[PDB]
Amino acid sequence: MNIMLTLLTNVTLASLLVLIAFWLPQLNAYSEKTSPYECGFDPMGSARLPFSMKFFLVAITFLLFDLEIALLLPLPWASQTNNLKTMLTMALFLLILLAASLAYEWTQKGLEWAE
Amino acid sequence: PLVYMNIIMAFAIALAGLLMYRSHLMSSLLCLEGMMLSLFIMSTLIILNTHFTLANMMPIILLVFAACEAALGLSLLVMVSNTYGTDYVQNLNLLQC
Amino acid sequence: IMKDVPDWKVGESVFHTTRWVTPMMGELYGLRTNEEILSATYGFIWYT
Amino acid sequence: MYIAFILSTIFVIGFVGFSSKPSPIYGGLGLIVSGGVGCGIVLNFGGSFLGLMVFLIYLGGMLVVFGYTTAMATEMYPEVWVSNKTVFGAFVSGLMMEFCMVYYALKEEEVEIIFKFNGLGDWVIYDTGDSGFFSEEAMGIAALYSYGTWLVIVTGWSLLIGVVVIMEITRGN
Amino acid sequence: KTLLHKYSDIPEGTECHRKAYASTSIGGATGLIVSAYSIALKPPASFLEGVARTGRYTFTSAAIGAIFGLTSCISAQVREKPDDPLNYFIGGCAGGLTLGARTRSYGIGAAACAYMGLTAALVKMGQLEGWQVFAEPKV
Amino acid sequence: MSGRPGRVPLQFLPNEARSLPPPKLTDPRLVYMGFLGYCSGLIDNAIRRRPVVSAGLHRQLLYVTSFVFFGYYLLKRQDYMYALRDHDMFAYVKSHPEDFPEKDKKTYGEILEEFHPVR
Amino acid sequence: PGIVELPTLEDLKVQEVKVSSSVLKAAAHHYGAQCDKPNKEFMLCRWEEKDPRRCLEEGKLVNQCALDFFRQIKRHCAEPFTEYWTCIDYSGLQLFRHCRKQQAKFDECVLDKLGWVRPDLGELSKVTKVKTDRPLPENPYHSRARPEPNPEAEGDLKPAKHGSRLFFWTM
Amino acid sequence: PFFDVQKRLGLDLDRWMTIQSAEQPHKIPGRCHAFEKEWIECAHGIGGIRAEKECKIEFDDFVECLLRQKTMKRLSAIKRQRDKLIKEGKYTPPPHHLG
Amino acid sequence: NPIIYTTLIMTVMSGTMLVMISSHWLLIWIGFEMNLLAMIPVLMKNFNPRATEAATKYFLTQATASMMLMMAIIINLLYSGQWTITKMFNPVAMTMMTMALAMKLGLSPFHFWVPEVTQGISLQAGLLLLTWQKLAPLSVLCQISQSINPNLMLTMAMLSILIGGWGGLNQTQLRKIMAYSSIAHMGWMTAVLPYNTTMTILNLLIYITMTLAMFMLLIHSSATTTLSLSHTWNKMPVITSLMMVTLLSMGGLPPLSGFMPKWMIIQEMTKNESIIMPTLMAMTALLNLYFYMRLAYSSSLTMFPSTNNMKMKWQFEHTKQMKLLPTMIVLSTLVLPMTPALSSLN
Amino acid sequence: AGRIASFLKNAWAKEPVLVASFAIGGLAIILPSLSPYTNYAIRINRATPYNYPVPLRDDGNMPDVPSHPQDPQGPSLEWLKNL
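Protein chains in written order, with the deposited numbering: chain 1A, 1 to 115; chain 1K, 2 to 98; chain 1Z, 97 to 144; chain 1J, 3 to 175; chain 1Y, 2 to 140; chain 1d, 2 to 120; chain 1X, 1 to 171; chain 1e, 1 to 99; chain 1N, 2 to 347; chain 1b, 1 to 83.
Next comes the structure, spelled out in structure tokens:
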């Protein structure tokens, strides 16, 4: 439970810092201080309107690629098996498959910011 | 054991959550995504318990396709959000006939 | 411990076969103390 | 024993976090924490690789879903677990749902709902075997490139088809 | 499925009170399912009309079960002919009349009486003989 | 069937199906399936609005040959399944005499079948 | 559903070899070379019988034989063992690499004082055979008589009697 | 498989995982290698339906080894009655069972 | 780009073939995504708001069924420890799977998705969805037919036939009624599935071939409404003739090949002492026959008013070859006299 | 000849990293065929003992396996000792 003890201590020590930084250093709020910041002026009124991406295409490819790397994390242990021959081909095959998918997306536009 | 009960009722409310749309598809899509987390934890619990070395395979490989299902899922939601603007399932009825 | 129970064979064969089985550790540490439980059952994983 | 059952209990009401339809990333809050404690459930059973994997790619996977929510799935007034009355009803109904059975399990240990399982904790279900010098989980995963082979091919080929599929559906002519 | 056994155990005629009560349980249960499907496929609006729709359906279905159950046993007791298929017919036809009363339209109740009357004799037809609807794969 | 011993999956007419007499080329079932080839020939020119009886005979000849070819092996497999069904069947009754007794067939002089007057 | 049998508390007690792990692994290379015959006998019992309750006698033999092994080294050069095992203790991984000088001092006692040589690499990791005289367990898994397989189809294929026999299809 | 392409060419595609007592990475045994072995080679070439009543004993024991529920229930009866009477008195723990 | 559309079509076929050749419970699921992954692109190939409509509706139900399908496997793993494709060893898990597979097939009230998706997507993709994904769940149902719950599957089959054929006479779009008609045919093959698996394959093949022959005819006619199909008599009256012949074929009147399954299905069910159930499904199959003739009534058997511009269509000719059309038509109408071929499947 | 040389010139001029990454990726695939130490790498993993090689009962006529981990007969690894 040693990891639990340091985890508990860490989140505790963080909580004291926010605790005495909210009660000790005075309190005075009169609305316009409490208002959002828009570089000096009053916002158009939102911060909740759809802030549509312009790079949505690459986001999903990250999920496919961040997923597939989890398939090759076992590589250090995969090297120390009695069958490195098929290990070499299969592990290589994954890297070309990611390479092909990146190459496929690259050629058909893709990574460049969708406009 | 009791740990198994906790995580199969994790499926049940996830099952209830998925096929219960209130306002928007994104919340249900996330529930579909999180539904496999119980599925991951479920399958993972037997496999380390039973010491079956090979079948440690499938928790990772279930993760390949469950999140891939989500990958095409929220990318489908992109096509909705351009024609539909919002992501509401209540509006998602233009094929009323 | 088994005197009050109506029907109880003391140390009956757990399975229908007579071949020995690796002992389900619940039989091992079932009635031991709490610290001995955590020292071995959760010992390795919780150890650093 | 506490932690083994207690962590799974957090996994439960954590799942209530997103199954009750809060604002989508408040649901993201719901399953990211159960994903965090879900690492703990497999961790206590060994399972360090798998426990870290979910704490690796879920955060990677959940990294973009927030963006889609705040970019193309957010409202003028984002939801919360207390604002809307139905979702609060959905939240609470996810609280007595497991509360009765854990009390039933803690008091009787013979709960029959759907499946039959006893309630002597879960420290019993562990083993007495010795791993020698090899972790069972980390080597079964490493058997991907020695004995997976075909099981590798179907995963890799689909990932290629993935990047084709996620491209053409969103291309829009 | 326990309700089906809770109705079949009681011999025809005797214990007509329990037989009638059992028939209400099947009628009440079936009304709950159709009502649950009704407000799910077609959402009325708020809870007040939703519970009214379930109330109308549950009351109606239980009504058919109640009168059909009590008519079957009293007919068997009075006529002293438990095996007679018509012991269910007069209960079955009465089911249509009650449905016609529940729907406030005797026009559809008249045709319902024959339809539920014929089926009621048919379920007694199979109960008497070895008829089975969900046969196990014998071949 | 799907579980009989000594079966090779995805294997068409096996090495013992040839022990049965082959279907004749004048098999009425075979020529009918050839007639389906003839029928599938004439209709083809109907969609493409061609002379339904005097258009390209190569298509019609190829339409008939394909049907008569694949049919012959199917007609060979036809009997082999039935022969295999018949073969094992007779082994079971031989191997299980107690399930198939032989009644002492007695003439109608002893049978008391009652008479139904109709009038 | 039957009987479990366990040896009584008397015959499962031996003169247990009570010395720390580091000392055991410090002399493990020399221990595995000569003190091997009881060891090889012990788990031919462990793998053939597949039942620890049937191998207590071999467990006694290996425990006492190791005791004679530890008696020999203690009697001849006890002091050179001292520095070798304590520097193994200081290593968290019990690494042999930071022990070569101390290992050298240990090695030349038993080679010259007693005649014990140091096995080289891949020496103890062998499939070597052992001359156990005990009977071979006939049914290690205690399996019962198995059900007889269904009779095998035999004979020759005859044409289907009266054709397909389906409704009104003559053949 | 609907089409047992595995058996046709004789090359395995997914049969290596299937059952528990298949070959393992440098022979790491499963929990129920013995029980699962006894059940599998009991009902081999005998038929799926002609396997339940005959090769039963090798199966419930195997599914016992997998779940160990009746034995955990056995431990439940031991622990439950233990806390029943030690709280009432009688039993005092022997000095090895509590340290 | 056509070269890639060959690949995703191939993967859908490859994934389906993966399901029907796998002995591992895991790989069977893997084929379902391989079908599911590459299906959505070809479902919204035209990229219409209806295409995005149907694609989203398809994905939600299909993903739910496949996701429900694992812990049906996982509980089997919990209570059996076996991955092999055999009978299931835990009842509640396999009941859970039957709902999952029925969701993929669209038999129970689960069936709501198939008529909705079919309308939004084009005819060509409608054929592929309605004729190719009805094999992978069929293969799994065929394999697990040993321990199948009789009441569970028969109830699912009856509803699929009932609602499948009951709402059929309420849709003016052909793509809708075929989806409605398919659910009725879905029930027919699934009803026999618990009893004998062989007749399920024959009814599958017979239904499949008719499914091409009609959908393939519809593409040639290029019709979306019954009135649109009605105008076909003024260009290619022969095409509209095979139209009705296939309708009566799909109805099931002999000698037409649509009487193949209806004749064969009730046979072993009567052999299995199930007689009331065969009677009800046959009688309610007349509901299928009703809107079958109504489409035949509007298309072939009677004329219908045409348009002025329709004349110029006579001058030009169709350019699509529409491969394998004549063989499907004959294989969908004149097949009954060759009945004993069910043994070849057996 | 001329086309490939100009093409290599163009690739090395515009995006050197990609024509690079194709190079390291290129030969890392075909070196395994030309590798003379892959067989040693095979022998490396076989030699490493994880499970202890349980002894075998000797009913006679196995001269290869020794009776003791000191006799010369049996599989050996002096290639590793040299290496």
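Built from N, CA and C at the ideal position, the CB exists for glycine as well.
Approximately 5 angstroms separates the beta-carbon atoms of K60 (chain 1X) and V14 (chain 1X); this is inside 8 angstroms, confirming the contact. For the 8 angstroms CB-CB criterion, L127 (chain 1Z) and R82 (chain 1e) form a contact.
One alpha carbon belongs to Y196 (chain 1N), the other to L142 (chain 1N), and they sit about 12 angstroms apart. Out of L130 (chain 1N), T119 (chain 1N), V43 (chain 1N), the CA that lies nearest to the CA of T225 (chain 1N) is found in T119 (chain 1N). Rounded to the nearest whole angstrom, the C-alpha separation of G29 (chain 1Y) and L170 (chain 1N) is 32 angstroms. Here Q172 (chain 1N) has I178, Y181 as same chain residues with Cβ atoms under 7 angstroms from its own Cβ, once five neighbours each way along the sequence are excluded. Closest by C-alpha distance to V93 (chain 1N), out of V43 (chain 1N), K314 (chain 1N), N77 (chain 1N), is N77 (chain 1N).
Residues of the stretch 118 to 141 of chain 1X whose Cβ lies closer than 8 angstroms to any Cβ of chain 1b, in chain order: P119, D120, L121, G122, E123, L124, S125, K126, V127, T128, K129, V130, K131, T132, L136.
Between the alpha carbons of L3 (chain 1K) and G122 (chain 1Z) lies a gap of roughly 15 angstroms. Cβ-Cβ separation between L67 (chain 1A) and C69 (chain 1K): approximately 7 angstroms, consistent with a contact (criterion under 8 angstroms). In this structure the stretch 62 to 82 of chain 1N does not touch the stretch 11 to 22 of chain 1Y; the number of beta carbon pairs closer than 8 angstroms is below three. By the C-beta density criterion, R31 (chain 1e) is buried, having at least 16 other C-beta atoms within 10 angstroms. Look at the stretch 80 to 106 of chain 1N: the residues with a C-beta under 9 angstroms from a C-beta of chain 1e are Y80, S81, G82, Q83, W84, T85, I86, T87, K88, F90. Residues of the stretch 127 to 144 of chain 1Z with a Cβ closer than 7 angstroms to any Cβ of chain 1A, in chain order: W142, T144. Annotation: the continuous alpha helix (DSSP H) that includes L58 (chain 1J) extends over 50 to 74. The stretch 127 to 137 of chain 1X makes contact with the stretch 41 to 58 of chain 1b, as at least three CB pairs between them are under 8 angstroms. When secondary structure is reduced to three states using DSSP, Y8 (chain 1Y) falls in the helix class.
Chain-order list of chain 1N residues neighbouring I42 (chain 1K): empty, with the shortest C-beta distance near 10 angstroms, by a criterion of under 8 angstroms.
For the pair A28 (chain 1b) and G150 (chain 1J), the Cα-to-Cα distance works out to about 22 angstroms. For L157 (chain 1X), no Cβ of chain 1N is located within less than 8 angstroms of the residue's own Cβ.
Proximity to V154 (chain 1J) across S161 (chain 1N), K272 (chain 1N), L27 (chain 1N), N47 (chain 1N) peaks at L27 (chain 1N), based on C-alpha coordinates. With respect to the 8 angstroms criterion, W133 (chain 1N) and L288 (chain 1N) are not classified as neighbours on the basis of their beta carbons. In the structure shown, the three-state DSSP call for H142 (chain 1X) is coil. For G107 (chain 1Z), the C-beta contacts it makes with chain 1X under 8 angstroms involve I3, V4, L6, in order along the chain. Taken atom to atom, the span from the alpha-carbon of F48 (chain 1Y) to that of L57 (chain 1A) is near 43 angstroms. The residue from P93 (chain 1e), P1 (chain 1e), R74 (chain 1e), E88 (chain 1e) with its alpha-carbon nearest to that of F111 (chain 1Z) is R74 (chain 1e).
With 16 or more other CB atoms across the displayed protein chains lying within 10 angstroms of its CB, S333 (chain 1N) is buried. Per DSSP, the continuous alpha helix (DSSP H) segment holding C109 (chain 1X) begins and ends at 100 to 109.
Interface residue (Cβ-Cβ distance to chain 1X less than 8 angstroms): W116 (chain 1Z) is classified as such. Nearest in C-alpha terms to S133 (chain 1J), of all of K27 (chain 1e), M17 (chain 1e), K7 (chain 1e), is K27 (chain 1e).
Annotation: the continuous alpha helix (DSSP H) that includes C87 (chain 1X) extends over 78 to 90. DSSP lists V130 (chain 1X) as the bridge partner or partners of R57 (chain 1b). Sequence-ordered contacts of the stretch 145 to 161 of chain 1J with chain 1N read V156, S160 [C-beta pairs closer than 7 angstroms]. The contact set of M71 (chain 1N) on chain 1K, defined by CB atoms closer than 7 angstroms, consists of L40, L63 in chain order.
Taking 8 angstroms as the threshold, the shortest C-beta distance from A22 (chain 1e) to chain 1K falls below it. Annotated as distal: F62 (chain 1e) and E41 (chain 1e), with beta-carbon spacing of 8 angstroms or more.
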